[PDB]
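Here the protein sequences come in this chain order: B and D. No gaps in the numbering here: position 16 of the first sequence is 1268 in the entry's author numbering, and each next residue is one more. No gaps in the numbering here: position 9 of the second sequence is 911 in the entry's author numbering, and each next residue is one more. For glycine and all other residues, C-beta sits at the position ideal for the given N, C-alpha and C. One structure is given below, encoded as structure tokens.
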Amino acid sequence: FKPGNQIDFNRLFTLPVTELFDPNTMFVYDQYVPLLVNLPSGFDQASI
Amino acid sequence: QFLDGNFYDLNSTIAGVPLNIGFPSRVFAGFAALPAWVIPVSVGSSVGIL
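Okay, here's the thing in structure tokens:
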């Protein structure tokens, strides 16, 4: 996970948190994963 | 992929010996910083106008 000094709060929170995830299953949508978690080069982004 | 089903790139070896096949490198450029300035700038502009 990204540490608190690496978060640009206006990019995450210009919209409410209400729609970052699917209401049917509570998993967060794929576009927000690399914004919150660091991953290596060549990584399969569908795996996490 | 080559004929043997395996992928080769700039760093490929056989028996530890670099193949140095000669794949190209292409540059893509122009990418820029994000809009984080917009709201502080739009307050600034109003205060300035005032």
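*Rounded C-beta distance between residue 938(D) and residue 1262(B)? I'm assuming under 8 Å.*
5 Å
*Unbroken alpha helix (DSSP H) run spanning residue 1275(B), endpoints*: From DSSP, residue 1275(B) is part of no alpha helix (DSSP H); its letter is neither H nor E.
*Name, going along the chain, the residues of the region 1262-1296 of chain B whose beta-carbon falls closer than 9 Å to a beta-carbon of chain D.*
1262, 1263, 1266
*Tell me the DSSP bridge mates of residue 916(D)?*
919(D)
*asked:* Just list the residues that DSSP pairs residue 1280(B) with in beta bridges.
replied: 1273(B)
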